[PDB]
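A single chain, nothing else alongside it, follows as structure tokens in the form deposited in one PDB entry.
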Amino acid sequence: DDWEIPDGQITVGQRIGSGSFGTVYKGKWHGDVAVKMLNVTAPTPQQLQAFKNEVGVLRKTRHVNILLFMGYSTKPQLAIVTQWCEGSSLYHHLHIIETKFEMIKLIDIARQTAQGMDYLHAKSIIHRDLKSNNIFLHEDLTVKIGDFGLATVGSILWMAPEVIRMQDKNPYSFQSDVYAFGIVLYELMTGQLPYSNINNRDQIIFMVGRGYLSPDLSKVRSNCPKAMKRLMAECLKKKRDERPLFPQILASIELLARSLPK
């Protein structure tokens, strides 16, 4: 029943990039796998706590739209093993290689992402870093949400105003996740990262924090449904209490999807 993996079984290949508290590699373990390592060297209790946190969260998830946790290793290096998705993150698709998806496909990506988040929230899991970088598109038609290093039970463009202005102990909530999801709806419907006409990261943090800046929803392509534009504004609300929860969001996306291909 346990998920630990003995030293030697995992074969590490290509270094493909970074993830919360470490480095992502392509690996071999009963097939292609993603492996994230939280060392170099003897680990800090800082690392240890980050490791045990994520593993604990992942072993609680079993759902199509969530990156399948497969196992973990401590023996050589603190490592987390999940399934492999060829064809990159929504971020890479959108802002690097510039894949121009169709609206039917874009809406589907939103519905599937909403689907995974509803699951997470129904399980009382708050991702706390939902962004296009962590939305991986497996075999070009199935959305898997990954990276749970920050989750519980600086990528600022997705941060809610409350989260920006670090007030009280806990700014993170279902609603802050909803907000981050709002920005992915933006990325999907505009094809752009928000605030792209401002070349000052700090002015962006200050401004959104004080509520002077909000995503310009006039940039959504003309074939994007009005109901989607309407839902986006609801997720991007400056007051966290005025946001809908994912059950409600999911029902919204399903509805517009049904009466669309006509």
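For every residue, the number given is its place in the sequence shown, counted from 1. Each form is matched to the other, and the largest set of C-alpha atoms that superpose within 1.5 Å is called the rigid core.
- Figure legend: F246 is marked as modelled in all of the other comparable entries of the protein, none of which omit it, let alone a third.
- Per the records, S18 is among the residues left out by at least a third of the other compared entries, whereas the shown structure includes it.
- Coordinates are given for every residue of the deposited sequence from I97 through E98, so that no gap is recorded there.
- Higher mean CA B-factor, judged across 30-38 and 43-51 from the recorded values: 43-51.
- Ranked against the other modelled residues of its chain, the C-alpha B-factor of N170 as given in the entry falls in the highest third.
- Looking at the C-alpha B-factors along this chain, the one for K144 belongs to the middle third.
- In the PDB entry, a CA B factor belonging to the highest third of its chain's modelled residues is recorded for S218.
- In this PDB entry, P225 carries a Cα temperature factor that places it within the highest third of its chain's modelled residues.
- Split the chain's modelled residues into thirds by C-alpha temperature factor. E102 is in the highest one.
Same protein, other form: the form deposited in another entry, not shown, and the subject of what follows.
- Put the two forms on the same core and the Cα of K52 is off by 2 Å or more between the shown form and the other one.
- The Cα position of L106 differs by less than 2 Å between the shown form and the other one after fitting on the rigid core.
- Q248 is not among the residues whose C-alpha shifts by 2 Å or more between the shown form and the other one once the rigid core is aligned; its shift stays under 2 Å.
- Relative to the shown form, the CA atoms of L130 and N39 are brought 3 Å or more closer together in that other deposited form.
- Compared with the form shown here, the Cα atoms of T41 and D129 sit 3 Å or more closer together in that other deposited form.
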